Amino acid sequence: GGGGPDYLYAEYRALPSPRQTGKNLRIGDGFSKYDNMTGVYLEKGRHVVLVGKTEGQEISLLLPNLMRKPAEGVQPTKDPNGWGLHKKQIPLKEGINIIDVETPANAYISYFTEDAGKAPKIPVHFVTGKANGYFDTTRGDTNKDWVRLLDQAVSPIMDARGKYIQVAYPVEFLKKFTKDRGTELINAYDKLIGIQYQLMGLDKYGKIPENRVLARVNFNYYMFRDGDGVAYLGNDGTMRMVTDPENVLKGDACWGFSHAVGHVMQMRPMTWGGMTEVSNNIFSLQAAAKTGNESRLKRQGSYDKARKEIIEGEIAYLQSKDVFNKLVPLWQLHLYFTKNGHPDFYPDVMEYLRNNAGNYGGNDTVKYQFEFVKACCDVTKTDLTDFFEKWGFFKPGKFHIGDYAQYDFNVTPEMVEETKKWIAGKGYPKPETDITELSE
C-alpha cells in the first residue's frame, strides 16, 4: 500500500462467492455482498475511480441506498419500493473509471472469485471520494477509534466489522445507543453469530465461512432476514434493542437478533415447508442458553402445550398450528443428547445432513422430514422411532401448509414404512426413558 490517503486508496482481496458458501452449507443466499467495504463516501456528482491490475478478474462497485425511506405519507410496510436493499452496481475496468453518482452513497467493492487464494489484490483509488473510515475490531481498533469515527463521519452511515459480522447503521443511532461501546457491540454480534456456527458444526468440521453476515438498518420493518442478511428498523425502539451492546444480549432483543440470523443459518434439510419459523429458533434457544437468558419454551410452558396439541391430539407434526409447539421436539433432542453424552448432537446432525441429504424443492421438501429423522438416529446410534412416532412425524396423509409459499405434502404409507424399516435395520438401542416427557 501507500498509494494515497487512508481508505481512498486501498488494495482489495477477492472473497469466496457468497452464493457458493451458502450452497455448500445448504442455507442459500445470506452472506454479505458488501463485505469488501471501502470506508469511502461518494457525494452526488461525477467521480473518478482508479483500478489497478485486474488480471482479467471481475470487480464492481456497489452503491447501496442504506438511507432509503418511504415517500411522504407512505406507511413503511406499504412501500412500493419494498423492503430490500436498493443499490447501483457499476462494473469496474483496469485504469480510469468515470462514475455518475445520483444519490450520495457509501462505496463497497464487489470482488468475488471461485479460486479466492489465487486472485490478485486489486488496488482501488477513490481519487474524488471522502474518507468516512470504518470500524474493524480484527484490525485492532478500540473504542477510542469508534468515538473518533462517529465524530468525524461524513456519511449518515458508519460501516463496521468483526470476525463474522458486518454492520451498516446510522451514525445518529450509534451515538445515541452504542455511545462509546463499539468494541462491545461488534463483540456481542460476533458472539451471537459464533454460537450459531458452533451449533451448525462449522468449527468442528472446519467450515467457518470467510464471508461475513451483514446487519443493516432499514426504514420499512422492525426485524427481518432477506438475501442480503438481517435488517433492523432505524427507529429508537428497535435501535435501542440491537445497537446497545448490553440490550442485544438480553431477553427479547437477543431472541430477535438470534432469530433473524437463525433465518440466514437455517439449512434446507431442517427447513422443509412449515419449518421456516421453527428450525431457526434452535439457534435462538442456544443463544439464550449461552447468554444467561431464560428458555422461551420454559417461560411459555411450551412442553405441556406441544404435548397437548400434537401427542394427546394424535395429529401429524405437519398439522401443528404453533411454531413453538413444532420447536419443542427439536429442542428436546438437543437437551436430551447433550446431557446424555452426545454434546455435539446438532453439530453432527447438521454436518450429516450437509453430506447426505437430498436436493428437494417445493412439495418434495417433506422428504427432508424423514432424512432429518434418519440423521438423528445415525449420529447418535439410537433408535428414536418411538420419539418421532409420538410427535406425529410418521402420520401418513395429504397435508396443506401455508409457510410463505403454499405446500401440498403427500406422505405415503410407503415413505413412512421405508423410514421405520431403515431405522429398525440399524439395530440401535432405544432410549431408556421417554424423551417426549423432557421439560425444562
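The first residue of the sequence shown is number 1, and the count goes up from there.
Between the stretches 166-174 and 101-109, it is 101-109 that shows the larger average CA temperature factor. Between 63-71 and 401-409, the higher mean Cα B-factor belongs to 401-409. Comparing the listed residues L185, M350, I122, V217, the entry records the largest Cα B-factor for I122. Ranking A116, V261, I282, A253 by the C-alpha B-factor listed in the PDB entry places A116 at the top.
Per the PDB record, residue ranking by Cα B-factor puts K33 in the lowest third of the chain. The PDB entry assigns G95 a C-alpha temperature factor belonging to the highest third of its chain's modelled residues. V48: CA B factor lies in the highest third for its chain, per the PDB record.
For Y360, the recorded CA B-factor ranks within the highest third of the chain. Only modelled residues enter the ranking.
Sorting the modelled residues of the chain by their CA temperature factor places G82 in the lowest third.
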